[PDB]
Each structure stands twice: as C-alpha cells, then as structure tokens.
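Worksheet: one structure, shown below.
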Amino acid sequence: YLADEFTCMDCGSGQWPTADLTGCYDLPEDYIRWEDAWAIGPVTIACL
Amino acid sequence: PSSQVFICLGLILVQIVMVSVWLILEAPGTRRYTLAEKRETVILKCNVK
Amino acid sequence: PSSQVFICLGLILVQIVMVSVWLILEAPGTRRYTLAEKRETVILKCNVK
C-alpha cells in the first residue's frame, strides 16, 4: 500500500493492502468448511 | 469391578495431567498463518505447531 | 463395586459439563473493580459476577 505517493509500503504477511489504495486490512482467512464438498463425506461417516 | 475402573481412571488422570500442562504452557490461541509465498489468504491455525 | 461409582461419576460429570459449558459461554478473565466514590482502589476480580 502506498501510504505516501512517493512511498509504497508492505502491510506484512498478516495484513494486506486494500484495493482502494487507502490502507491495510487483516487478510482474509481460510479453513475447512461444510459448504459443498470435502467435509460432507467424513461428517456423514462420523454420524453413521 | 472396582480396581479395573480405578486403574483406568489412573491412566486417564496421567493423560489429564499431561494435557493439562500442555494447555497451561500453550493456552488456546490462533495464529494467522499466511502463505507468504502466495499471500491473500490466512489460516486460523491453533497457536501451537 | 460398579454402579455406585458409575452413578457418582455420572453426577460429577453432569456438574463438570455444566461448568464447562458455562466457561465456554462466559470465558474466564480478570476485571478491574474501582470505587468511583472512593477512587485510588483497584480490585482484581475473577470475571464472574
């Protein structure tokens, strides 16, 4: 993120520069979920 | 009927003490483990490897 | 030798489940109790009223 015009700044691995070039935000998170696939099989197996 | 349960709970309590010191040294928390090679993603991993 | 212990641990486990879900809902911590009428008094309190 370019905090100043003459100075681009990296917000770090934990954060990420916003797409509006206004600042930095906590980067989006990822984890295994029950949405469509993958987890349904093991969940049904455990329930059975 | 009694000493079997006693020994089972003794072993379970040994495990309980081990896991208790494990969590005492490693109180629950989340690390924002990001793929620094890839970025744009965060894994909310537990606070211990 | 068996059912006495089973029932006793059943009751104990019921209480443990209740207290554990209660700490899940109202996670432990410490709060600062200060008497505005008195001031200069800070009390470390277990987070439970």
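Ordering of the structure tokens sets the chain letters (A, B, ...), residue numbers begin anew at 1 in every chain, and ligands are numbered from 1 in the order given.
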Identical-sequence pair chain B and chain C: C-alpha RMSD when superposed in order: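 Chain B versus chain C: RMSD of 0.7 Å.
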All residues 12 Å or closer to stretch 32-38 of chain A, only C-alpha atoms, same chain fewer than 3 positions away omitted, as a PDB file with N, CA and C atoms, in the first residue's frame:
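What follows is the written file selection-v9.pdb:
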ATOM      1  N   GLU A  29      -9.256 -14.963   5.771  1.00  0.00           N
ATOM      2  CA  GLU A  29      -8.895 -16.239   6.369  1.00  0.00           C
ATOM      3  C   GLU A  29      -9.476 -17.406   5.578  1.00  0.00           C
ATOM      4  N   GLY A  41     -18.371 -36.044   3.375  1.00  0.00           N
ATOM      5  CA  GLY A  41     -18.062 -37.449   3.498  1.00  0.00           C
ATOM      6  C   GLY A  41     -17.665 -37.857   4.903  1.00  0.00           C
ATOM      7  N   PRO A  42     -16.582 -37.270   5.424  1.00  0.00           N
ATOM      8  CA  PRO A  42     -16.188 -37.571   6.809  1.00  0.00           C
ATOM      9  C   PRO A  42     -17.252 -37.235   7.839  1.00  0.00           C
ATOM     10  N   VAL A  43     -18.018 -36.156   7.648  1.00  0.00           N
ATOM     11  CA  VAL A  43     -19.064 -35.836   8.616  1.00  0.00           C
ATOM     12  C   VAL A  43     -20.133 -36.923   8.632  1.00  0.00           C
ATOM     13  N   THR A  44     -20.580 -37.362   7.453  1.00  0.00           N
ATOM     14  CA  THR A  44     -21.576 -38.427   7.391  1.00  0.00           C
ATOM     15  C   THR A  44     -21.023 -39.734   7.947  1.00  0.00           C
TER      16      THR A  44
ATOM     17  N   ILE B  43      -4.665 -18.703   7.325  1.00  0.00           N
ATOM     18  CA  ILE B  43      -5.122 -19.909   8.002  1.00  0.00           C
ATOM     19  C   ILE B  43      -5.185 -19.594   9.489  1.00  0.00           C
ATOM     20  N   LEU B  44      -6.369 -19.753  10.080  1.00  0.00           N
ATOM     21  CA  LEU B  44      -6.553 -19.517  11.512  1.00  0.00           C
ATOM     22  C   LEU B  44      -6.108 -20.763  12.275  1.00  0.00           C
ATOM     23  N   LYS B  45      -4.805 -21.020  12.221  1.00  0.00           N
ATOM     24  CA  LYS B  45      -4.308 -22.234  12.842  1.00  0.00           C
ATOM     25  C   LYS B  45      -4.266 -22.059  14.354  1.00  0.00           C
TER      26      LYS B  45
END
All strand (DSSP E or B) positions in stretch 16-49 of chain B, as a list in words: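 For stretch 16-49 of chain B, the strand (DSSP E or B) set is residues 30, 31, 32, 33, 42, 43, 44, 45 and 46 of chain B.
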Let me see the file: selected residues, N, CA and C atoms, as a compact mmCIF listing (two decimals), in the first residue's frame.
# COMPACT_ATOMS: atom_id res chain seq x y z
N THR B 30 -4.99 -18.39 18.29
CA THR B 30 -4.98 -18.59 16.85
C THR B 30 -3.85 -17.79 16.22
N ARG B 31 -3.04 -18.46 15.41
CA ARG B 31 -2.04 -17.81 14.57
C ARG B 31 -2.62 -17.61 13.18
N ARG B 32 -2.37 -16.42 12.63
CA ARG B 32 -2.80 -16.07 11.28
C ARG B 32 -1.73 -16.53 10.29
N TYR B 33 -1.62 -17.85 10.16
CA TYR B 33 -0.58 -18.43 9.31
C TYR B 33 -0.92 -18.19 7.85
N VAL B 42 -5.30 -16.43 4.71
CA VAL B 42 -4.92 -16.62 6.10
C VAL B 42 -5.46 -17.97 6.56
N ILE B 43 -4.67 -18.70 7.32
CA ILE B 43 -5.12 -19.91 8.00
C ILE B 43 -5.19 -19.59 9.49
N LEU B 44 -6.37 -19.75 10.08
CA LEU B 44 -6.55 -19.52 11.51
C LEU B 44 -6.11 -20.76 12.28
N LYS B 45 -4.81 -21.02 12.22
CA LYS B 45 -4.31 -22.23 12.84
C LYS B 45 -4.27 -22.06 14.35
N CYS B 46 -4.22 -23.18 15.07
CA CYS B 46 -4.11 -23.07 16.51
C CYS B 46 -2.71 -22.58 16.89
Rows by chain and residue number, chain C within 9 Å of chain B, shortest pair, only C-alpha atoms, as CSV:
residue,atom,partner,partner_atom,distance
C:1,CA,B:2,CA,5.1
C:2,CA,B:1,CA,5.4
C:5,CA,B:2,CA,8.1
Residue set, stretch 2-46 of chain A restricted to alpha helix (DSSP H), as an NGL selection string: :A and (40-46)
Residues as selected, C-alpha atoms, written as an mmCIF file, in the first residue's frame, can you do that?
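Saved to out.cif:
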data_model
loop_
_atom_site.group_PDB
_atom_site.id
_atom_site.type_symbol
_atom_site.label_atom_id
_atom_site.label_comp_id
_atom_site.auth_asym_id
_atom_site.auth_seq_id
_atom_site.Cartn_x
_atom_site.Cartn_y
_atom_site.Cartn_z
ATOM 1 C CA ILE A 40 -19.574 -33.979 3.850
ATOM 2 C CA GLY A 41 -18.062 -37.449 3.498
ATOM 3 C CA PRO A 42 -16.188 -37.571 6.809
ATOM 4 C CA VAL A 43 -19.064 -35.836 8.616
ATOM 5 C CA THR A 44 -21.576 -38.427 7.391
ATOM 6 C CA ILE A 45 -19.137 -41.233 8.233
ATOM 7 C CA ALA A 46 -18.758 -39.923 11.788
#
